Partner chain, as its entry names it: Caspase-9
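First comes one chain, alone, set out as structure tokens in the form deposited without its partner chain.
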């Protein structure tokens, strides 16, 4: 947990909404392509049986990463068709 309290708390207040609407495949590929998510972390997520479960795992790991990885996630949401979810996280981005 290297991310600032402000960012973490914002993500927590919207945890439920994110895990419900996102598809991890596209987001993770964008993050890896961007260089802020490892293939080892991606494999662990893909290994989950359901969409919500994969999303929950992705969120769980994001919470353990730093500020630049959180920004990558934020940027991945914006480019992968999740503007509404990103707008919720905007005020908390470092």
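Numbering follows the first chain given and starts at 1.
The same protein also has a form deposited with its partner chain bound, omitted here; what follows describes it.
Interface residue remark: residue 32 is counted as part of the site for its partner chain in the bound PDB entry, having a heavy atom within 4.5 Å.
Though the partner is left out of this view, residue 42 does reach within 4.5 Å of its partner chain in the bound PDB entry, counting heavy atoms only. Not displayed here, its partner chain is approached by residue 25 to within 4.5 Å at the level of heavy atoms in the bound PDB entry.
None of the heavy atoms of residue 65 is located within 4.5 Å of its partner chain in the bound PDB entry.
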